[PDB]
């Protein structure tokens, strides 16, 4: 497991690839895929829906059951559930929905959950439906995470922008 290939090494522990996270997960068989979740684990568009659909909706049913007996998550919080056919585990992480005025500082809280895991396959938290700048999310990630994080960015134009921006700001 955890056979990541073709990543660009950004820091000693952060790696980035222009790849759909679902197909990376099928290729790599990671111990942990990260899901960019909301506090009720209602997997809408974005990564959550793609992950859910690849589990034939088993992730959404598992999430319903988790929520029924544990209640919703906190922004910046997380929960480990099954990774189903994609990974051993899925780490569901709630970044701030910046479009709704939730504290963007909670992005640091969200990425801090990655530190509980040796190696993760992850998307950029809050950078899509939740409206954070993807460059800011990559920055928080490289600043906050100390464990090995392999970031999947499916859109080639965004990936190119992220690498360029990371170079310039790394100085």
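Positions refer to the first chain, counted from 1.
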Fill in the blank from the handout: Comparing 98 to 106 with 118 to 126, the higher average Cα temperature factor in the PDB entry belongs to 98 to 106
Handout entry: Identity of residue with top Cα B-factor, from 28, 37, 135, 32
Key = 28
Handout entry: CA B-factor placement of residue 92, once the chain's modelled residues are sorted into thirds
Key = lowest
Exercise for the section: State the tercile, meaning the lowest, middle or highest third, of residue 140 with respect to the CA B-factors recorded for its chain. Expected result: lowest
Completion exercise
Of the three thirds of Cα B-factor ranks in this chain, residue 71 occupies the highest
Exercise for the section: Sort the modelled residues of this chain by their C-alpha B factor and say whether residue 56 lands in the lowest, middle or highest third. Expected result: highest
Exercise for the section: Grab the CA temperature factor for residue 24 from the record and place it in the lowest, middle or highest third of its chain. Expected result: middle
